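Dumped structure_36.cif below, it's mmCIF, C-alpha atoms and all ligand atoms:
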```
data_work
loop_
_atom_site.group_PDB
_atom_site.id
_atom_site.type_symbol
_atom_site.label_atom_id
_atom_site.label_comp_id
_atom_site.auth_asym_id
_atom_site.auth_seq_id
_atom_site.Cartn_x
_atom_site.Cartn_y
_atom_site.Cartn_z
ATOM 1 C CA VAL A 19 35.188 -78.013 -45.447
ATOM 2 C CA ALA A 20 32.513 -79.091 -42.876
ATOM 3 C CA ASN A 21 29.075 -78.723 -44.636
ATOM 4 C CA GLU A 22 28.878 -82.496 -45.541
ATOM 5 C CA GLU A 23 27.413 -85.386 -43.403
ATOM 6 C CA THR A 24 29.902 -88.218 -44.344
ATOM 7 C CA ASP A 25 33.640 -88.749 -45.224
ATOM 8 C CA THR A 26 36.181 -91.514 -46.206
ATOM 9 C CA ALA A 27 37.143 -94.041 -43.451
ATOM 10 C CA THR A 28 38.835 -97.477 -42.844
ATOM 11 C CA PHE A 29 37.621 -100.541 -40.845
ATOM 12 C CA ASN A 30 39.342 -103.958 -40.306
ATOM 13 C CA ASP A 31 39.931 -106.870 -37.790
ATOM 14 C CA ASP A 32 43.784 -106.725 -38.059
ATOM 15 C CA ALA A 33 46.504 -103.969 -38.526
ATOM 16 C CA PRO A 34 45.059 -101.608 -41.222
ATOM 17 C CA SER A 35 47.200 -100.239 -44.090
ATOM 18 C CA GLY A 36 45.278 -96.885 -43.817
ATOM 19 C CA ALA A 37 44.088 -96.896 -40.171
ATOM 20 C CA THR A 38 41.731 -94.178 -38.938
ATOM 21 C CA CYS A 39 40.742 -92.360 -35.699
ATOM 22 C CA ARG A 40 37.921 -93.492 -33.297
ATOM 23 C CA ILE A 41 36.683 -89.843 -32.923
ATOM 24 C CA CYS A 42 36.904 -88.338 -36.457
ATOM 25 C CA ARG A 43 37.857 -91.252 -38.840
ATOM 26 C CA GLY A 44 40.865 -89.316 -40.278
ATOM 27 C CA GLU A 45 43.798 -91.372 -41.688
ATOM 28 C CA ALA A 46 47.265 -90.849 -40.147
ATOM 29 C CA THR A 47 49.311 -87.831 -41.271
ATOM 30 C CA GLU A 48 52.894 -86.514 -41.442
ATOM 31 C CA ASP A 49 52.404 -84.252 -38.369
ATOM 32 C CA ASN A 50 49.515 -85.947 -36.514
ATOM 33 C CA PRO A 51 49.560 -89.743 -37.163
ATOM 34 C CA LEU A 52 47.487 -92.357 -35.234
ATOM 35 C CA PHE A 53 48.256 -94.694 -32.280
ATOM 36 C CA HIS A 54 46.299 -96.757 -29.703
ATOM 37 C CA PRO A 55 46.479 -95.255 -26.109
ATOM 38 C CA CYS A 56 44.280 -98.115 -24.869
ATOM 39 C CA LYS A 57 43.068 -101.745 -25.433
ATOM 40 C CA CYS A 58 39.569 -100.987 -26.804
ATOM 41 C CA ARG A 59 40.776 -103.038 -29.871
ATOM 42 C CA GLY A 60 39.508 -103.264 -33.509
ATOM 43 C CA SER A 61 38.963 -100.023 -35.554
ATOM 44 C CA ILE A 62 38.071 -97.769 -32.497
ATOM 45 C CA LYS A 63 41.475 -98.015 -30.731
ATOM 46 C CA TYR A 64 43.308 -95.567 -33.032
ATOM 47 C CA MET A 65 43.281 -91.796 -32.479
ATOM 48 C CA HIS A 66 45.033 -88.558 -33.498
ATOM 49 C CA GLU A 67 47.262 -86.919 -30.801
ATOM 50 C CA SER A 68 44.878 -83.909 -30.905
ATOM 51 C CA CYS A 69 41.680 -86.061 -30.757
ATOM 52 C CA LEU A 70 43.005 -87.892 -27.635
ATOM 53 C CA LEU A 71 43.921 -84.583 -25.932
ATOM 54 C CA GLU A 72 40.274 -83.386 -26.491
ATOM 55 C CA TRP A 73 38.739 -86.766 -25.485
ATOM 56 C CA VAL A 74 40.408 -87.035 -22.035
ATOM 57 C CA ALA A 75 39.401 -83.367 -21.663
ATOM 58 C CA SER A 76 35.651 -84.180 -22.198
ATOM 59 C CA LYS A 77 36.079 -86.893 -19.462
ATOM 60 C CA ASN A 78 36.584 -84.011 -16.921
ATOM 61 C CA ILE A 79 40.174 -85.012 -15.908
ATOM 62 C CA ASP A 80 43.387 -82.922 -15.555
ATOM 63 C CA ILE A 81 46.094 -84.937 -17.422
ATOM 64 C CA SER A 82 48.721 -82.451 -16.081
ATOM 65 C CA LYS A 83 48.218 -83.560 -12.379
ATOM 66 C CA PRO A 84 49.475 -86.577 -10.276
ATOM 67 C CA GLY A 85 46.010 -86.744 -8.588
ATOM 68 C CA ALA A 86 44.264 -88.480 -11.550
ATOM 69 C CA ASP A 87 43.783 -91.969 -13.141
ATOM 70 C CA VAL A 88 42.829 -90.803 -16.720
ATOM 71 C CA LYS A 89 41.387 -93.799 -18.545
ATOM 72 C CA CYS A 90 38.764 -95.524 -20.692
ATOM 73 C CA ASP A 91 35.186 -96.854 -20.123
ATOM 74 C CA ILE A 92 34.932 -99.327 -23.082
ATOM 75 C CA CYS A 93 37.862 -101.577 -22.079
ATOM 76 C CA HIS A 94 38.884 -99.493 -18.957
ATOM 77 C CA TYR A 95 42.640 -99.468 -19.884
ATOM 78 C CA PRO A 96 44.856 -96.558 -18.670
ATOM 79 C CA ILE A 97 45.151 -94.055 -21.512
ATOM 80 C CA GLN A 98 48.663 -93.344 -22.867
ATOM 81 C CA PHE A 99 49.865 -90.090 -24.544
ATOM 82 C CA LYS A 100 53.625 -90.224 -23.683
ATOM 83 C CA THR A 101 56.462 -92.859 -23.442
HETATM 84 ZN ZN ZN A 201 40.591 -87.815 -34.976
HETATM 85 ZN ZN ZN A 202 39.894 -98.457 -23.977
#
```
Let me see the file written as structure tokens.
Amino acid sequence: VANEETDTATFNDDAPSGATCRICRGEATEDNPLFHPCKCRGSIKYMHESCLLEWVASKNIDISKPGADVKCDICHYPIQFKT
């Protein structure tokens, strides 16, 4: 379903009980949760694993190469998608 112009979301100034993405305000799942790859902080730090993979792609950077420095512009922290 994608005909609407709004959807349910969560916003707070501490660790949310139902945290949501910074790209599509979805709430963590059982296959694609949420996590903060960066130090943007607040309610726009979280992101789905998919959403991050599409974000760093829009930034015009090859995350599969050792010739990159894939990171933010809000807080400028190096983005993290593995540990
Ligand atoms: Zn998302
Ligand atoms: Zn950031």
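Checking A:50, A:82, A:35, A:21 one by one against ligand ZN 201 (chain A), counting only C-alpha atoms and all ligand atoms, you find the shortest gap at A:50.
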Find the residues around segment 27-32 of chain A up to 8 Å (all atoms listed in the file counted), leave out those fewer than 2 positions away in its own chain, and share them as a PDB file with C-alpha atoms, in the frame of the given file.
```pdb
ATOM      1  CA  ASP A  25      33.640 -88.749 -45.224  1.00  0.00           C
ATOM      2  CA  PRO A  34      45.059-101.608 -41.222  1.00  0.00           C
ATOM      3  CA  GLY A  36      45.278 -96.885 -43.817  1.00  0.00           C
ATOM      4  CA  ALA A  37      44.088 -96.896 -40.171  1.00  0.00           C
ATOM      5  CA  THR A  38      41.731 -94.178 -38.938  1.00  0.00           C
ATOM      6  CA  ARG A  43      37.857 -91.252 -38.840  1.00  0.00           C
ATOM      7  CA  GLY A  44      40.865 -89.316 -40.278  1.00  0.00           C
ATOM      8  CA  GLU A  45      43.798 -91.372 -41.688  1.00  0.00           C
ATOM      9  CA  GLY A  60      39.508-103.264 -33.509  1.00  0.00           C
ATOM     10  CA  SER A  61      38.963-100.023 -35.554  1.00  0.00           C
TER      11      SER A  61
END
```
Given only C-alpha atoms and all ligand atoms, how would the per-residue table for chain A near ligand ZN 201 (chain A) read, listing every residue at most 7 Å away with its closest atom pair and distance in Å to one decimal, sorted by chain and number, as CSV?
```
residue,atom,partner,partner_atom,distance
A:39,CA,A:ZN201,ZN,4.6
A:40,CA,A:ZN201,ZN,6.5
A:41,CA,A:ZN201,ZN,4.9
A:42,CA,A:ZN201,ZN,4.0
A:43,CA,A:ZN201,ZN,5.8
A:44,CA,A:ZN201,ZN,5.5
A:65,CA,A:ZN201,ZN,5.4
A:66,CA,A:ZN201,ZN,4.7
A:69,CA,A:ZN201,ZN,4.7
```
Using the selection just defined, write its residues with C-alpha atoms as an mmCIF file, in the coordinates of the input.
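Below is the file out.cif, written as the result:
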```cif
data_model
loop_
_atom_site.group_PDB
_atom_site.id
_atom_site.type_symbol
_atom_site.label_atom_id
_atom_site.label_comp_id
_atom_site.auth_asym_id
_atom_site.auth_seq_id
_atom_site.Cartn_x
_atom_site.Cartn_y
_atom_site.Cartn_z
ATOM 1 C CA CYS A 39 40.742 -92.360 -35.699
ATOM 2 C CA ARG A 40 37.921 -93.492 -33.297
ATOM 3 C CA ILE A 41 36.683 -89.843 -32.923
ATOM 4 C CA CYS A 42 36.904 -88.338 -36.457
ATOM 5 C CA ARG A 43 37.857 -91.252 -38.840
ATOM 6 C CA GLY A 44 40.865 -89.316 -40.278
ATOM 7 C CA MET A 65 43.281 -91.796 -32.479
ATOM 8 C CA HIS A 66 45.033 -88.558 -33.498
ATOM 9 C CA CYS A 69 41.680 -86.061 -30.757
#
```
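Distances to ligand ZN 202 (chain A) were evaluated for A:58, A:101, A:20, A:84 using all atoms listed in the file, and the minimum falls at A:58.
Remark: for ligand ZN 202 (chain A), the closest of the candidate residues A:57, A:77, A:100, A:83 is A:57 (distances computed over only C-alpha atoms and all ligand atoms).
We find atom CA of residue 79 of chain A and atom CA of residue 59 of chain A to be spaced 22.8 Å apart.
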Could you state which residues are captured by the PyMOL selection byres (((not hetatm)) within 9 of (chain A and resi 202)) in this file, as an mmCIF file with C-alpha atoms, in the coordinates of the input?
```cif
data_model
loop_
_atom_site.group_PDB
_atom_site.id
_atom_site.type_symbol
_atom_site.label_atom_id
_atom_site.label_comp_id
_atom_site.auth_asym_id
_atom_site.auth_seq_id
_atom_site.Cartn_x
_atom_site.Cartn_y
_atom_site.Cartn_z
ATOM 1 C CA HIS A 54 46.299 -96.757 -29.703
ATOM 2 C CA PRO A 55 46.479 -95.255 -26.109
ATOM 3 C CA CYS A 56 44.280 -98.115 -24.869
ATOM 4 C CA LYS A 57 43.068 -101.745 -25.433
ATOM 5 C CA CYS A 58 39.569 -100.987 -26.804
ATOM 6 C CA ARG A 59 40.776 -103.038 -29.871
ATOM 7 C CA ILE A 62 38.071 -97.769 -32.497
ATOM 8 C CA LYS A 63 41.475 -98.015 -30.731
ATOM 9 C CA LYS A 89 41.387 -93.799 -18.545
ATOM 10 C CA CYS A 90 38.764 -95.524 -20.692
ATOM 11 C CA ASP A 91 35.186 -96.854 -20.123
ATOM 12 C CA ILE A 92 34.932 -99.327 -23.082
ATOM 13 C CA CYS A 93 37.862 -101.577 -22.079
ATOM 14 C CA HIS A 94 38.884 -99.493 -18.957
ATOM 15 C CA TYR A 95 42.640 -99.468 -19.884
ATOM 16 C CA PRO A 96 44.856 -96.558 -18.670
ATOM 17 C CA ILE A 97 45.151 -94.055 -21.512
#
```
Inset, instruction - Identify, on the basis of all atoms listed in the file, every residue whose closest approach to residue 67 of chain A does not exceed 9 Å; exclude the query and any residue fewer than 4 positions from it along the same chain; express the result as a PyMOL selection string. - result: chain A and resi 50-53+71-72+99
I'd like the box whose edges run along x, y and z of the file and which contains every listed atom of segment 44-57 of chain A, padded by 5 Å per side; could you state its centre and edge lengths in Å, one decimal, as JSON?
```
{"center_x": 46.9, "center_y": -93.0, "center_z": -33.3, "size_x": 22.0, "size_y": 27.5, "size_z": 26.8}
```
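Atom CA of residue 68 of chain A is positioned 11.8 Å from atom CA of residue 46 of chain A.
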Inset, instruction - Quote the spacing between atom CA of residue 86 of chain A and atom CA of residue 98 of chain A in Å to one decimal place. - result: 13.1 Å
Reconstruct segment 38-61 of chain A at the level of N, CA and C atoms, and format the result as a PDB file, in the frame of the given file.
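Written output follows (selection_29.pdb):
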```pdb
ATOM      1  N   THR A  38      42.419 -95.429 -39.238  1.00  0.00           N
ATOM      2  CA  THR A  38      41.731 -94.178 -38.938  1.00  0.00           C
ATOM      3  C   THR A  38      41.270 -94.030 -37.494  1.00  0.00           C
ATOM      4  N   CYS A  39      41.201 -92.775 -37.027  1.00  0.00           N
ATOM      5  CA  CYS A  39      40.742 -92.360 -35.699  1.00  0.00           C
ATOM      6  C   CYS A  39      39.423 -93.051 -35.271  1.00  0.00           C
ATOM      7  N   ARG A  40      39.169 -93.047 -33.962  1.00  0.00           N
ATOM      8  CA  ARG A  40      37.921 -93.492 -33.297  1.00  0.00           C
ATOM      9  C   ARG A  40      36.963 -92.348 -32.891  1.00  0.00           C
ATOM     10  N   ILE A  41      37.378 -91.120 -33.197  1.00  0.00           N
ATOM     11  CA  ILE A  41      36.683 -89.843 -32.923  1.00  0.00           C
ATOM     12  C   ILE A  41      36.371 -89.048 -34.182  1.00  0.00           C
ATOM     13  N   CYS A  42      37.228 -89.067 -35.211  1.00  0.00           N
ATOM     14  CA  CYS A  42      36.904 -88.338 -36.457  1.00  0.00           C
ATOM     15  C   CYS A  42      37.345 -89.029 -37.759  1.00  0.00           C
ATOM     16  N   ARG A  43      37.523 -90.358 -37.711  1.00  0.00           N
ATOM     17  CA  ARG A  43      37.857 -91.252 -38.840  1.00  0.00           C
ATOM     18  C   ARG A  43      38.870 -90.673 -39.853  1.00  0.00           C
ATOM     19  N   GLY A  44      39.789 -89.812 -39.411  1.00  0.00           N
ATOM     20  CA  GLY A  44      40.865 -89.316 -40.278  1.00  0.00           C
ATOM     21  C   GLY A  44      41.916 -90.414 -40.410  1.00  0.00           C
ATOM     22  N   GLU A  45      42.704 -90.407 -41.479  1.00  0.00           N
ATOM     23  CA  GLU A  45      43.798 -91.372 -41.688  1.00  0.00           C
ATOM     24  C   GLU A  45      45.118 -90.689 -41.378  1.00  0.00           C
ATOM     25  N   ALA A  46      45.976 -91.370 -40.628  1.00  0.00           N
ATOM     26  CA  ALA A  46      47.265 -90.849 -40.147  1.00  0.00           C
ATOM     27  C   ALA A  46      48.006 -89.912 -41.105  1.00  0.00           C
ATOM     28  N   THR A  47      48.581 -88.865 -40.515  1.00  0.00           N
ATOM     29  CA  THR A  47      49.311 -87.831 -41.271  1.00  0.00           C
ATOM     30  C   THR A  47      50.814 -87.832 -41.017  1.00  0.00           C
ATOM     31  N   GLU A  48      51.460 -86.775 -41.496  1.00  0.00           N
ATOM     32  CA  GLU A  48      52.894 -86.514 -41.442  1.00  0.00           C
ATOM     33  C   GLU A  48      53.261 -85.458 -40.374  1.00  0.00           C
ATOM     34  N   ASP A  49      52.309 -85.198 -39.486  1.00  0.00           N
ATOM     35  CA  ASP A  49      52.404 -84.252 -38.369  1.00  0.00           C
ATOM     36  C   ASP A  49      51.547 -84.701 -37.178  1.00  0.00           C
ATOM     37  N   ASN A  50      50.472 -85.444 -37.457  1.00  0.00           N
ATOM     38  CA  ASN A  50      49.515 -85.947 -36.514  1.00  0.00           C
ATOM     39  C   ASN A  50      49.011 -87.317 -37.007  1.00  0.00           C
ATOM     40  N   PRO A  51      49.807 -88.367 -36.755  1.00  0.00           N
ATOM     41  CA  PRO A  51      49.560 -89.743 -37.163  1.00  0.00           C
ATOM     42  C   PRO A  51      48.325 -90.349 -36.455  1.00  0.00           C
ATOM     43  N   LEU A  52      48.394 -91.629 -36.117  1.00  0.00           N
ATOM     44  CA  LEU A  52      47.487 -92.357 -35.234  1.00  0.00           C
ATOM     45  C   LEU A  52      48.305 -93.336 -34.377  1.00  0.00           C
ATOM     46  N   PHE A  53      47.718 -93.747 -33.259  1.00  0.00           N
ATOM     47  CA  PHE A  53      48.256 -94.694 -32.280  1.00  0.00           C
ATOM     48  C   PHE A  53      47.118 -95.137 -31.352  1.00  0.00           C
ATOM     49  N   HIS A  54      47.286 -96.257 -30.650  1.00  0.00           N
ATOM     50  CA  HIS A  54      46.299 -96.757 -29.703  1.00  0.00           C
ATOM     51  C   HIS A  54      46.789 -96.501 -28.255  1.00  0.00           C
ATOM     52  N   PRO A  55      46.153 -95.573 -27.513  1.00  0.00           N
ATOM     53  CA  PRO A  55      46.479 -95.255 -26.109  1.00  0.00           C
ATOM     54  C   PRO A  55      45.923 -96.282 -25.118  1.00  0.00           C
ATOM     55  N   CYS A  56      45.112 -97.208 -25.626  1.00  0.00           N
ATOM     56  CA  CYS A  56      44.280 -98.115 -24.869  1.00  0.00           C
ATOM     57  C   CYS A  56      44.073 -99.449 -25.615  1.00  0.00           C
ATOM     58  N   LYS A  57      43.386-100.386 -24.967  1.00  0.00           N
ATOM     59  CA  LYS A  57      43.068-101.745 -25.433  1.00  0.00           C
ATOM     60  C   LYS A  57      41.580-101.956 -25.743  1.00  0.00           C
ATOM     61  N   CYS A  58      40.947-100.917 -26.289  1.00  0.00           N
ATOM     62  CA  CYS A  58      39.569-100.987 -26.804  1.00  0.00           C
ATOM     63  C   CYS A  58      39.462-102.044 -27.929  1.00  0.00           C
ATOM     64  N   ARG A  59      40.535-102.120 -28.736  1.00  0.00           N
ATOM     65  CA  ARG A  59      40.776-103.038 -29.871  1.00  0.00           C
ATOM     66  C   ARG A  59      39.974-102.673 -31.141  1.00  0.00           C
ATOM     67  N   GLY A  60      40.170-103.447 -32.210  1.00  0.00           N
ATOM     68  CA  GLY A  60      39.508-103.264 -33.509  1.00  0.00           C
ATOM     69  C   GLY A  60      39.850-101.937 -34.202  1.00  0.00           C
ATOM     70  N   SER A  61      38.845-101.288 -34.797  1.00  0.00           N
ATOM     71  CA  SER A  61      38.963-100.023 -35.554  1.00  0.00           C
ATOM     72  C   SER A  61      38.560 -98.763 -34.764  1.00  0.00           C
TER      73      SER A  61
END
```
